[PDB]
Structure formats: structure tokens, C-alpha cells
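Structure record follows, encoded as C-alpha cells.
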Amino acid sequence: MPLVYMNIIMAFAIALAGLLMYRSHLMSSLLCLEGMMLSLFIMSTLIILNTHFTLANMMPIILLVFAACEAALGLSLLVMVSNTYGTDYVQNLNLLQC
Amino acid sequence: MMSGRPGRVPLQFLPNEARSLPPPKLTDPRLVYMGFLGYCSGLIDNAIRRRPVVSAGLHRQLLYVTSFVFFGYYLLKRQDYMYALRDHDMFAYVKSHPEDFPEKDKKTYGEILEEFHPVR
Amino acid sequence: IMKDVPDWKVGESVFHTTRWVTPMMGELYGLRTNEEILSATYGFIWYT
Amino acid sequence: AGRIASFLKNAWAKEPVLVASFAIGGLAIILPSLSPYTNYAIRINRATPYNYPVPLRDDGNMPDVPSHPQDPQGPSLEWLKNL
Amino acid sequence: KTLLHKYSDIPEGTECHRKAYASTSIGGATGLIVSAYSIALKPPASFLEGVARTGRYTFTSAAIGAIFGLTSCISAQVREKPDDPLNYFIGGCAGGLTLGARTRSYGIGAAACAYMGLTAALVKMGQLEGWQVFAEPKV
Amino acid sequence: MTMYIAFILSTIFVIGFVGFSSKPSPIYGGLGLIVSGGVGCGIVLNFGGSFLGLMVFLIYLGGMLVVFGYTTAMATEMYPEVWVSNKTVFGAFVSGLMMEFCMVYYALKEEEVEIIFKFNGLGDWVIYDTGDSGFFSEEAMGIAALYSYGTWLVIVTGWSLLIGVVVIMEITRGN
Amino acid sequence: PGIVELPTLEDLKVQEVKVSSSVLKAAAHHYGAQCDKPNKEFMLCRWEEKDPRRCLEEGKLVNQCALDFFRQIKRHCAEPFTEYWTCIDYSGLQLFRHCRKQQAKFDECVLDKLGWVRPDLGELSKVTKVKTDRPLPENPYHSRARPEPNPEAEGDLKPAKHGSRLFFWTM
Amino acid sequence: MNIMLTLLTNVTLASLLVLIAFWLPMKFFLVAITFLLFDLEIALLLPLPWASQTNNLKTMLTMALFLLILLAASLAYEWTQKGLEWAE
Amino acid sequence: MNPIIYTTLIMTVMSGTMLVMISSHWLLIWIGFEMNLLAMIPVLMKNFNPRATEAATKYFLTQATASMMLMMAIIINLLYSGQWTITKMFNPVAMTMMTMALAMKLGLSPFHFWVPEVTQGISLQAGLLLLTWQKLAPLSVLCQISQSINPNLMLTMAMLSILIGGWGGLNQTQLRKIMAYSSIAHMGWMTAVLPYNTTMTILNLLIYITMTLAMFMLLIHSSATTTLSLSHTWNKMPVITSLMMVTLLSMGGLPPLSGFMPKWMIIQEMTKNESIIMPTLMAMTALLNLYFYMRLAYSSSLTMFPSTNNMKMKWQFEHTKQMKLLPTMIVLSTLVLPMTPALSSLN
Amino acid sequence: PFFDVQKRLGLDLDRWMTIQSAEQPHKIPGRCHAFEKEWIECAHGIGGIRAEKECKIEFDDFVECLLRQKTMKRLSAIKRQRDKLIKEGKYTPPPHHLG
Ligand SMILES: CCCCCCCCCCCCCCCCCC(=O)OC[C@H](COP(=O)(O)OCCN)OC(=O)CCCCCCCCCCCCCCCCC
Ligand SMILES: CCCCCCCCCCCCCCCCCC(=O)OC[C@H](COP(=O)(O)OCCN)OC(=O)CCCCCCCCCCCCCCCCC
Ligand SMILES: CCCCCCCCCCCCCCCCCC(=O)O[C@@H](COC(=O)CCCCCCCCCCCCCCC)COP(=O)(O)OC[C@H](O)CO
């Protein structure tokens, strides 16, 4: 199988590691979550365009319009923890210890 | 398992083959249990709402008993249908696969040597 | 080219069927020089 | 009636952009339904040979399909010609 | 599961060196998994403390595997019992005693002996028999 | 060269991911994804897919990511870390470098990379199909079925977006 | 599994029509209208056989009749063709719209000189049958034998023997 | 290729003439998020031109107009419940 | 919220899962999961308190990430078969990918730390919705693709839920935290039986759902979120605490209560599948759940607890909410054991 | 579907795009339409567990059309053994190879 797909497949994995590992900022995590659906978009388009699955061209447009809905929700939650805590650092988000 | 057996018209709570079964008699011990649960629902309903338990709006008790029995009665029809369906398609496979279910041979206990272990 | 290689049935069928599968460009051009590959595959896409 | 007409008049008095939007959107939703050319739009849409007219095995008993492309039998878009 | 396959392939008792190396490899690998979780859910102060936690956890787990494999194999051919569960019973307590010395507590050592000794016999118990812990869905 | 151009772009695509996966400053992380977003369309463009590729530029790169960095602009601390700053960020970057180098080296010498998915290491071009497309673009004529075959898709994706508009106000209302 | 049969290069060698795009498109309507039966035979063979190697002979006749079509017009007003297809060439999209007078020049020989006729819109797009010789392939997809479907249920749905038969539940 | 050549030449020209100029000498969020949702909904009807030539354009008419009224509906709910009247 | 606007958010998520249980296409299943998440977030933050803001953030990040992992599980299966229909998966790593992806949406294995914190932050009314309805959507997909499931893959997930649910439940104080851990423990039971026969998986789901509503809406009536706060309710509303005790015994699993419904059949089902060590551990470690059920039972009704003078004022006023379906939910979760052969209806 | 309302109501929402051999806009093939037609038409009314066994040959070909693993792997042997022949001069390319 073509190396361009493995290039995409790691692209998910390195994006996956960045989302899970966290460093300081939820902005970066939201950025990492977007690389998730991004690499999914090229991977979806690549397979679908290669196989001439005409109706399946549906999914790429449908994929990110719903992935962008995560941004609509994810970005909003960040500003609220930014409004209350200050910086949106994940370390601040620890009130629910119990 | 069921699930996708030949002929599975979806969301069909009572397929037409169920009409060939003996309907659950109204005096079924299972059916009256649904009625008993309905009464217990009525007692709790008055108990939770600070009502005089038994003699507290018997109309609500009638609704609870009627709903449980009616919803129960249709349940036994499906309950008996699927149970009968399980044995029906069962009883045909053994015929179609006789070598998969070989019949044992007559050997009376007079020839079977069951070991006798003494007990002390 | 693979007369010398030990085990290779010349023109070995890839698919189990005997029906003519459309031959993808890889076996078509393949051996061709990179100029032929470049102009024929990404030719429509890069033509402007 | 009287209040409804006055409601529209004051709507046009202070909010003329929205009543323009609602009117245009209001029309644009109902003429396509009772349009007399909508069927024409479909007819010319199917009368655009993107795909090749693959021939059929001549087994007889079918007179409607032409034997020759220029033959009179078969569909014609003479309607498309004048409109 | 090649790592787990090593222990099974080597005959019981015979080739004690191979059994010991395989058994401590299983323990060490298990020690890696738990230590990795320990750093994750409960972070230490710095990296030096992180490897300190790994050093303790891996050394304990590797020791349990090493002593269990050694005692189980060395007891098998000495007693000429390649099937008796007792060959693993003293192995479990060998790990149990090994853990007790690792954390320096007599009480936890005795409990580890009793618990690991039972499970080790139980793990052996299924090896002779057909016991399956992850049985395929036959029905 | 030019034959490996999709491979070349795919390589920049991976290292572009390491740019933002390393979690640098949110503006700088966005930029690392911006280039990663840019090259990814070119990978799609080289395979056809003009419209699908063009969206990655428009509604994602010039779309979703614009308000993304816009949020990072008015948020975040007064001291934004420069890419070097924390040694972990550069450690993550070099870490991403060693993964793509080892596979690519393994890909171009032995061609038998089996990591998770078994993938054979040939050029990008040995995967394209053959055949003429007539007078209709396959991508264009596919997503144009949004209103001829995309019946249940439009009903659901439209409904959720309306709920998307209502959920965002309800969370941002502040009760 | 096995060798894939490929026709030899000998019969493959076929006179290829040595004309450009503009000349083909300029006379495409008349070419399609007049010499069409061999095209239909080859067209049907390609969609029915689904195997290109089966209909290579008909491909030769498709070219062969094309030479005959181009030969007849060569003897006829070739100079108007040179005028017609040159202006057609000078169009980026080869639109017939620009070339009308020179199009009329070509059309007004073939209607009487060659006895042909310009096909109006639609007839060339008509789905037409073709009287052929090649029989219908037995299975163009080269389908294999189908698995036997499992036998379907049969018999009156009798009541379950001895009730639910789930532990102590009698019924 | 030509596309790559064009963009490459533009970058060098910008880079070259930059170098000679360097060595020789909640409301803010709401407007962002509302645009994001409208922009995503806009991408749905971008394929409209070719979609207008589908062979069942009647179903297209009901549903292409569907997205457009939802665009209005999303704004209408936004407008009535404050929304576009941003916090001030 | 505005009552009409909270209504659609309540039942947009009703429809989001409804799509999943009816979609035959892989993309559409993700679509319902998207509306599931998109409508869950506002409900969790109805009250707008920093606990809810944290709870929504923790819930969103977990569910979103699991949804993304689900997509590439879909793509890989497409990459290797080109089939968008939901059937048995045609590749191993894709099967392994979604099992973990679907698990995190549900939450049984180490992907469970979000479950306690999210329900603790959010209100009790939204707690039942999260702990009851938000589990049918992941379970519907799992029951669909149970044929291709990896038997090792699921079962170790199943115990790690019940052992974690069993162990940590002892130390919990907040009633929502205890309820969440029991939900994790209950989640393990049907997930373990999922590879063998999904009928008991649905049967365990239905019974567990019935028990949880009986638990949550009674707690809503108690208006209490802590064990001590629940303890006081003995004096004001002694009947509720008595019903609190019967559902605790039921949801503990003691016979002949309805908690013996799922376990017994689940124990029986795996025993037919030759897996016999597996049931014994789950049945025995289920007692860990029973201990803090006993702990709550002791402090609620069996032994009365000290009260406060001000709660004499509480007696002077009657309740207002009618707590719909509470009477029928309790009875349907205590005395339905004799109706065990009704499980044939599900299959 | 877990609840196959799709079949009961007799109205299509998702099965139109589920397979690439279904109806397509302006009747364009999905590359491997021929192969997956054989596999699906092998698998109807056979059951999931059965069909994976008997219809394995059809599935293997369809994957080889879709996935294209071994065909270009063999083509890899064509090129790798090619340049490992020209580099020592053992092979010379005929002139149709270039132009
Ligand atoms: C023949 C094949 C096998 C041959 C080899 C023998 C078996 C493998 C080796 C023994 C494995 C089981 C024994 C335990 C190993 C791990 C020990 C460990 O993690 O110790 C560290 C710690 C205990 O100390 P702690 O509580 O942290 O207190 C000190 C704090 N400073 O730990 C803890 O705090 C947590 C508790 C321990 C970790 C969790 C449980 C780990 C073991 C699970 C079962 C493993 C089974 C392995 C064999 C079968 C599978 C291959
Ligand atoms: C499976 C095993 C058993 C499982 C369940 C065990 C339950 C008890 C376990 C211990 C519970 C904790 C300790 C005790 C808690 C007591 C709770 C309580 O609220 O007690 C005080 C309270 C006072 O009673 P009050 O509410 O005033 O109502 C009186 C009647 N009007 O008392 C009450 O509110 C109780 C009211 C009870 C009302 C009973 C009504 C009986 C009606 C019988 C009808 C018979 C009809 C027969 C028909 C025959 C022909 C068909
Ligand atoms: C408080 C702790 C327990 C106290 C003491 C309780 C009694 C001690 C023994 C407990 C027995 C539990 C398991 C018994 C269930 C039925 C098993 C049975 O009927 O026998 C089977 C015995 O098979 C088993 O493996 C059953 C389990 C054996 C013991 C292992 C699990 C139980 C011990 C650990 C859990 C309980 C201890 C507490 C742990 C916290 C026969 O099957 P087979 O193995 O012959 O199957 C056919 C073929 O050979 C394939 O296997």
C-alpha cells in the first residue's frame, strides 16, 4: 500500500499522541483534535477519490461540517474556563477532584 | 442470536405466525402476576404521594392493574411465540442433519458396568 | 527479465477470475520512462 | 385586516430590508411549485447525453427503438429546438 | 503472545535456566505496565523520581517472576513431579516471600505467600486441565 | 524530484502535524497546522478532488482555523512561549522527526514496512486507476448529489447545525 | 493463478486513423450518421463481452469504415474541409457556434454531391438497436457457481414443548 | 507544476523585495463562532451549480431551499434571542 | 433554561441515539453520535456552576476524542473492504480500534475516570440522563458488531470495569459518585456477556436502566446529594428511605429482587460457553458493590440518623413535583424476577 | 440496523451509498463495481458466518481490486529486479521503452 496513506496514518497517530499527552493549554488540545479530523479528511478523500466511489464523496464534506461542530462546542467551553479560572490551563481544571 | 432468521419483518411485536398459538388464558398464573404488580404499583403511588394507601383514589389503582394486565397479555403472546419459534426451527434442523445427532443404541442397565465404589 | 528468477510463472494472473479486469496504469506504463509516467498520470491535473 | 395592513405599513416604514427579504423568499418558495416550465427544466435535463446511448441487441418485436440513428423511430427533442 | 509462549514451550522443570529467564521476563514486562500507569495517574516530582518509582516496581515484579520460575522448575525435577500443582504452590509463596522482603513487612509477606501460592497452583491447575479464562463464544 | 511530489507533500504533511501535535504556543501551533492544512489539499489536488481540496483551504484553513487563532489572540497569557522555550517542545519536535525518518528510510530500502498496517513502499503513482471520465468531474458530480441522493444527510446535518446555533448561545448565555 | 491471455502483436497491428481532433470533430455528425452500423456492432460487443480482446476484430472495422468515410470526402470538397476544420481548430473549446458559414459550405456538398445529410439534434443521441451475429455471452462476468442457500423453515408453528423450559418455570 | 511554478515565483518576488527593504536600508468570540457556524452551513450549498443540473431537481428544489431557510432560521433565532445584537 | 428550548435539547439527544439504533450506514452512526454529544453539553450546564463547566469540559473532551477514534476505525474498515454497511468488521486493527473507541464513549475500562467527575459536577436530573440514556447509543453499536468482537479484547475491559467499579465505590462519599461507580460496575456485566449472546446484554441494559431511574428520581425527591444529607430524609419522608432500601437491595442483586435478573442469566449464559472461571470472579467481586450499598442502606433507613430542628419546618409543607413514573419504575425493578422467561421476547 | 425501521417503512435513508455497486449519478462505475457485484451476489441469503467461508475467493479478488496489495507488490518485483539488472549491464531496454 502507497506510502502516502501511511504518511496520513501516522499523521493521525502523532495528532493522537499530542491530544492525549497535553502540555499546558487547552487551545493546543483543541488544535490537536482538529488535526485528527483533518488527517481523517485527506484519508477519506484519498480512498474515496481513488476508488471512484461516487456517492461516497458525500462523507468528506459531511465529515468536517460535523467535526467543525466540535470546534463550535470545544471553543466555547474554553472561554468559559478562561472567563472563570483565567488562563485555560488544564491544571486549573481540577475543581472536580471528588 | 433469532435476530435475523428467515422472515424478520422489523418492529413487529406480534408476527402473523403467533396467531397459530394457543392464546394465553386470562386465568394464566403469569398473567395474574402482572395484575399483582399493578396493585403494588398503586400502593406505592399512594404511599409516595402521602395518600391514604389502599383507600386513596381507587381509580388510579384500576388504571395500573388494567395497564399491567393488558401490556402483560400481549407480552405472553410474544413470549410464547418466540419460545415456540425456538423449538420449531429446532425440530426441523435435526431432521435435515441426522448424522449430526446420531441416536444412541439400546443398552439396558443389566449390561452397563457402572463401577461400585464402597462407602465407609 | 524474469527468465532467470527461480519461481515466476510468466504473465501470472493476479485475480482468481478469468474475466478481463481493467488494467491499472501501474502495469500499463510501469517500465516506461518517468517522462511518460509523469505526463500521463498527473497530466490532466497539472495541465493548465 | 386593518391591523394586519397597518402592521405591514409600519413594517415597511421602519424595517424595509426584512420585508423585502421575506417577500422575495416568500415568492421564491411557491412559483417553482406552480411553475409551467419546471417540467420543461426536467425534460431538457434528461435530454443531455452525458452517457453514451449503448446499443441494444436486436431481437425483433421492438419497433419504437430505431434501427438507424437518423430513423424516425425513437424519442426526439423537437420541443427543445423551438424552446 | 510470544513472551507468554516462552514459559509454556519449555517443559516444566527441565531447562531451569530457560524457565527462569522467561519467568522473570514476564514479571519484568508486567512491572513495566504497572509502573507506567503509576507515573501517569500519580505523577512524581521530577523524572529522577519517575525512574525511581520504575526501579522499585520493576525490581519487585522481576524478582517475583525470577524466584517463581526458579523454584517451580527446581522443585519439579528434584521431586520428579512435572504435573503436581505443588510445584507451583511453593513457587507462589516464593514470590510471596520475595515480595515481603521487597517491601519489608512480615505480615504482607505471609499474605502474599497465601494468595500467590493459591493462584499459582490454580494457574497450574488449569494448565493440566482444559480451563479457559477467555473462552471463545462456542454457544 | 516530481514523481514523488505527492510523497514529498505527504512528508511535509506529517512534519506539519508534529508542529502542532507538540503543542506549541496556540498561535504558533495554528500556523504549524495552517501549512499542514495547505499541503494536505495539494495531496488531494494531485489525486483529483479539486472541490474537496478547495474546502480545506476555504472553510477549514480560511474558515475554522481563522476563528481558532482568533480565539487564541484575545485569550492566552501575556508571555507566549517561542517554539524553543520549553525543552519538551523541541524534544517533541525532534521526536516527531525520528519517527518519519526511520519509516521513510525503511520504506525506500526494504519496502516491507509492517507497522500496524502492512504497507508496501512504492511510489505514489502506482496506485492511480485508468479510464476517461467523459465530460463530468467525478468529484463534482458526487457531492452534487447532496440534493438528489443526499436526502437523509441534508435533513440530519441541517437539523444539527440549527441545534449547533442554539447550543452555542445557550452555553455562551451565562444563565 | 495461471497465465492471462493477451492477443499477439501481429493481428494487433491495425491501420490507425491519422487525423487530428479538429478534423474528427468538424465532420463528427456526418461521420456518425453515415458509417454507424460497424460502430454499433463494436459498441455492443464492448458492453456485452466486457472483454476488449474478444472484439478487437470489430475495432479494425470501426477504423476501416472510418478510412472509407474519410476517403469519400477526400475525393469530394476537401478544400472546404480545410477551411472548416481550421476555423474549428482556432476555437479553444472547438465550439461549432463560431464556424457557421464554412460549416454550411461543407454541408452543401455532402447533401447533393455525396448525398449525405446533417443529423439534427437528438438522432445521434438516440438509443438504437443493432442487428448483429455474435451470440449473447453465457456469463460476461465469468461468474462462478453460487453457494446453496440454507433450507428455509417449514411446518406449522407448534407450541413450545413443556413451556419456557427455563430452569424451574413450568410454563 | 504551472500552478506550483506560479506560487513559487510569487513567494520569491515577495521574499526578494522584502529583503531589499530589510538589509539595504464574549462579543468578540460570538462574532467568531456565529461566522463559523454560518460558514460551515455555507459550504453545504457550494456544490449547488452542478446540483442544479441533476435529473431529479424537484427534490433538489425542496432541499436546496431547505438549507437556505435554515440559514435564515439560524439567524432568526440568533436575532430574536439577542445574538447579532452583540454584548455591549 | 427556556422550557421550550431545554425540551428540544433534551430530545435532540433522544433523536441522536435514535439515529444510531436505526442507521445501517457507518457514517450515519457517527452522525447520531455527533448530535448525541452536541445536545448533551448544554444539558450538563443547565445550572452554570464551575462544577458543571468542568464536568462539561471533561465529558466533551472524552466523548469527542472517542468519536474521532471511531471515525478512523470506520475509515480503516472502508480502506480494507470498501463497505459502509454495519456488519462484522473485515480487518483486525479496525476491530481493535472501535472497541476502545466505543468503550470510551460508554466508559468501562481505564477510560472511566471521566464518569465520576462529570456526574458529580452536573445536576441530579441531568445525572440520570447521562447514566441511563447515554449508554444505549454505544451499546447499540456493540450489539450490532458483536460477531466480529475480539473475545479477549472485550472481557478484560469487562472485569476492569467491575473491579474498578467494585473497589473505588467503597471510598466514595457523594451519592452521585457512588451511583456512577455502580453504573461502571453494572456496565461491565452486560459488556462481558456481549460477545456470547447479546440478548442478555439488552436484558441487563433494560433492568439496569429501570433500577437507575428508581435510584435517581428517589434521590431527586430526597433533594440530597451526600450520604449524610440522604441520611436525614428518614424523619421527614420515612417511606422514601424504606423504598430507598428496597431498591438498594434490588440493585445490589440479592434474590428474589430484580437485581438477580441479569446476573443469574449472565452467569448461566457464559457457563454454557465453557467460561466458568470468568463468572465466578464477577459474581464474587459484585459483593464490593453490595458493601457500599449496605453502607448507604445502613445510613438511610435501617438506622435513623440525627436530624436538625429546622426540618420540623419541612414537615409543614408538602412536595410539589409529581416525579412521573416513579411508582411503576420501583415495582418494575423489585418483583419482576418471576417473569424471567420474558427474556425470550428480546431475541 | 438495530431497529430496522428502514425495512419496515420501506423508505430509503442510508442504503443508497452503502455499496459502490448501487445506483450512481449518470451511471459511472465505482472502479471495482464488477468484483463487488460478484461478492455481494455470492453472499445474499447465505448468512454472515457462512459467506465469509464459501465466498472467500470472490472477497479476495475484490480486496485485490480495491486494496491492490499484491498486484503492485509483484510490480515491485518487476522494478526491483529490473534496476538490479541494468546496473550491472545485464539488461538493455528496447527502444519502445523510451520513444
Ligand atoms: C509462568 C508464567 C509466569 C511466570 C512469572 C510469574 C508471574 C509474573 C510475576 C508476578 C506478577 C504478580 C505479582 C505482582 C507484580 C507487580 C508488583 C508491583 O507492582 O509492585 C509495586 C507495587 C507494590 O508496592 P506499593 O503498594 O506501591 O508500596 C510501595 C510504595 N513505594 O504495586 C502496586 O502497588 C500495585 C499492585 C501490583 C500491580 C498490579 C497487579 C500486577 C499483577 C497482575 C497479574 C499478573 C500475572 C502475570 C502472569 C500471567 C500473565 C502473563
Ligand atoms: C422482599 C423482602 C421484603 C422487602 C421490603 C422490606 C421493607 C421493609 C424493610 C425495612 C425498611 C426500613 C425500616 C422501616 C422503615 C419504615 C418506613 C416508614 O415510612 O415507616 C413509617 C410509615 C408510617 O405510615 P404512614 O406513612 O402514616 O401510612 C400508614 C398507612 N396509611 O410507614 C409506612 O408508610 C408504611 C405504610 C404501609 C402500608 C401498607 C398497606 C397494605 C395494604 C394491604 C392491602 C391488602 C389487600 C388484600 C386483598 C385480598 C383479596 C385480593
Ligand atoms: C471466599 C472465596 C471462596 C470460598 C470457598 C468457596 C468454594 C471453593 C471453590 C470455589 C469454586 C468456584 C468455581 C466453581 C463453579 C463450577 C465449576 C465446576 O462445576 O467445575 C468445573 C471446574 O472448572 C473450573 O475451572 C472451575 C473454576 C475452578 C476454580 C477457579 C476459579 C475459582 C477460584 C477463584 C475465584 C473465587 C475465589 C475468590 C477470589 C477473590 C468443571 O469444568 P471443567 O474445567 O471440567 O470444564 C470442562 C473442561 O475441562 C474445560 O475446562
Exercise for the section: Having 1 or more residues that are among the hydroxyl-bearing types (S, T, Y), touching a helix residue (DSSP H, G or I) at 6+ places or on another chain (Cβ under 9 Å) and farther than 16 Å from I:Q83 by Cβ is the bar; report the helices (runs of 4 or more DSSP H) wholly within chain J that clear it. Expected result: J:70-86
Exercise for the section: Check I:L288, I:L302, I:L296, I:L346 and return the single one that is within 16 Å of ligand 2 (Cβ to nearest atom) and surrounded by 17 or more Cβ atoms within 10 Å (Cβ to Cβ). Expected result: I:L296
Completion exercise
Of the residues in the range D:51-76, those that are charged (D, E, K, R) and at the interface with another protein chain (Cβ under 7 Å from one of its Cβ atoms) come to D:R57, D:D58
Practice task
Answer yes if at least one residue in the range F:91-107 is within 10 Å of chain A (Cβ to nearest Cβ) and outside any helix (DSSP H, G or I), and no otherwise.
Solution key: no
Fill in the blank from the handout: Output for Cβ contacts, cut-off 9 Å, separation at least six or different chains, first residue facing chain F (nearest Cβ under 7 Å) in the range H:50-70, second small (G, A, S) and surrounded by fewer than 17 Cβ atoms within 10 Å (Cβ to Cβ), reads H:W50/F:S137; H:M60/H:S52; H:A64/H:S52
Exercise for the section: Could you check, for the range I:286-297, whether at least one of its residues is within 16 Å of ligand 1 (Cβ to nearest atom) and assigned to a helix (DSSP H, G or I)? Expected result: no
Exercise for the section: Go through the range I:9-25 and count every residue that is buried (at least 16 other Cβ atoms within 10 Å of the Cβ) and assigned to a helix (DSSP H, G or I). Expected result: 10
Fill in the blank from the handout: Of (1) away from ligand 2 (no atom under 16 Å from the Cβ); (2) polar (S, T, N, Q); (3) in a loop (DSSP other than H, G, I, E, B); (4) more than 14 Å from chain J (Cβ to nearest Cβ), B:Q79 satisfies every one except (3)
Exercise for the section: Would you mind telling me which numbered condition in (1) in contact with a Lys or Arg (Cβ under 8 Å, 6 or more places away or on another chain); (2) near ligand 3 (Cβ under 10 Å from one of its atoms); (3) not aliphatic (A, V, I, L, M) I:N273 fails? Expected result: (2)
Completion exercise
Checked against (1) surrounded by fewer than 15 Cβ atoms within 10 Å (Cβ to Cβ); (2) within 14 Å of chain C (Cβ to nearest Cβ); (3) in a helix (DSSP H, G or I), G:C55 satisfies every condition except (1)
Exercise for the section: Mind telling me which of the residues C:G30, C:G26 ends up being on the phi > 0 side of the Ramachandran plot and surrounded by 15 or more Cβ atoms within 10 Å (Cβ to Cβ)? Expected result: C:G30
Practice task
Show the residue pairs that are 6+ apart or on different chains and have beta-carbon atoms under 9 Å apart, the first residue being within the range B:28-46 and at the interface with another protein chain (Cβ under 8 Å from one of its Cβ atoms), the second being in a helix (DSSP H, G or I) and charged (D, E, K, R).
Solution key: B:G42/B:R60; B:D45/B:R60
Completion exercise
With criteria (1) within 12 Å of ligand 2 (Cβ to nearest atom); (2) within 30 Å of I:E117 (Cβ to Cβ), I:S222 comes up short on (1)
Handout entry: Count - residues of the range I:165-201 that are within 28 Å of E:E136 (Cα to Cα) and crowded, with 21+ Cβ neighbours inside 10 Å
Key = 21
Fill in the blank from the handout: In the set E:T71, E:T54, the lone residue that is away from chain I (no Cβ under 14 Å), hydroxyl-bearing (S, T, Y), more than 8 Å from ligand 1 (Cβ to nearest atom) and within 12 Å of the chain's Cα centre (by Cα) is E:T71
Handout entry: E:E80 within 14 Å of another protein chain (Cβ to nearest Cβ), surrounded by fewer than 16 Cβ atoms within 10 Å (Cβ to Cβ) and more than 10 Å from ligand 1 (Cβ to nearest atom)
Key = no
Practice task
Answer yes or no: is there a residue in the range H:8-26 that is facing another protein chain (nearest Cβ under 10 Å) and exposed (fewer than 14 other Cβ atoms within 10 Å of the Cβ).
Solution key: no
Practice task
Taking the options E:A135, E:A121, E:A76, name whichever one is in contact with an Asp or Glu (Cβ under 6 Å, 6 or more places away or on another chain) and either polar (S, T, N, Q) or within 14 Å of ligand 3 (Cβ to nearest atom) (or both).
Solution key: E:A135
Handout entry: Long-range neighbours under 9 Å by Cβ, at least six apart or interchain, first residue among the charged types (D, E, K, R) within the range B:81-99, second assigned to a helix (DSSP H, G or I)
Key = B:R86/I:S344
Handout entry: Residue satisfying condition, being over 27 Å from the mean Cα position of the chain (by Cα) and farther than 30 Å from B:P22 by Cα, within set G:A145, G:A160, G:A153
Key = G:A145
Problem - Candidates F:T88, F:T157, filtered to the one that is within 7 Å of chain A (Cβ to nearest Cβ), more than 27 Å from A:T54 (Cβ to Cβ) and in a helix (DSSP H, G or I) - result: F:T88
Practice task
Among the residues of the range G:113-171, write down those that are away from chain I (no Cβ under 14 Å) and polar (S, T, N, Q).
Solution key: G:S125, G:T128, G:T132, G:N139, G:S143, G:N150
Exercise for the section: Return a yes/no flag: does the range I:72-93 have any residue that is within 21 Å of A:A68 (Cβ to Cβ) and more than 14 Å from chain J (Cβ to nearest Cβ). Expected result: yes
Problem - Meets criteria (within 16 Å of ligand 2 (Cβ to nearest atom), in contact with a helix residue (DSSP H, G or I) (Cβ under 8 Å, 6 or more places away or on another chain), within 12 Å of another protein chain (Cβ to nearest Cβ) and of a type outside the set (A, V, I, L, M)) for I:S258 - result: yes
Practice task
Report, ordered by the first and then the second residue, all pairs with beta carbons closer than 8 Å, sequence separation of six or more or different chains, a first member in the range F:56-84 that is within 11 Å of chain H (Cβ to nearest Cβ), and a second member that is surrounded by fewer than 22 Cβ atoms within 10 Å (Cβ to Cβ) and hydroxyl-bearing (S, T, Y).
Solution key: F:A75/A:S82
Problem - Criterion (surrounded by 21 or more Cβ atoms within 10 Å (Cβ to Cβ), within 16 Å of ligand 1 (Cβ to nearest atom) and in a helix (DSSP H, G or I)) met by exactly one of I:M244, I:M278, I:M251 - result: I:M278
Fill in the blank from the handout: Of the residues in the range I:1-15, those that are within 17 Å of F:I171 (Cβ to Cβ) and not β-branched (V, I, T) come to I:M1, I:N2, I:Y6, I:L9
Handout entry: Qualifying position, being of a type outside the set (V, I, T), assigned to a loop (DSSP other than H, G, I, E, B), within 7 Å of chain A (Cβ to nearest Cβ) and on the phi < 0 side of the Ramachandran plot, among F:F136, F:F117
Key = F:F117
Problem - The listed residue being within 14 Å of chain J (Cβ to nearest Cβ), in contact with a helix residue (DSSP H, G or I) (Cβ under 6 Å, 6 or more places away or on another chain) and farther than 27 Å from E:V133 by Cα, out of I:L131, I:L124, I:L136 - result: I:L136
Problem - Condition met for I:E318 (within 30 Å of B:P24 (Cα to Cα) and of a type in the set (D, E)) - result: no
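No lab work stands behind these numbers, since they all come straight from the coordinates. Backbone-built Cβ (ideal geometry, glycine too); neighbour counts: all protein chains shown.
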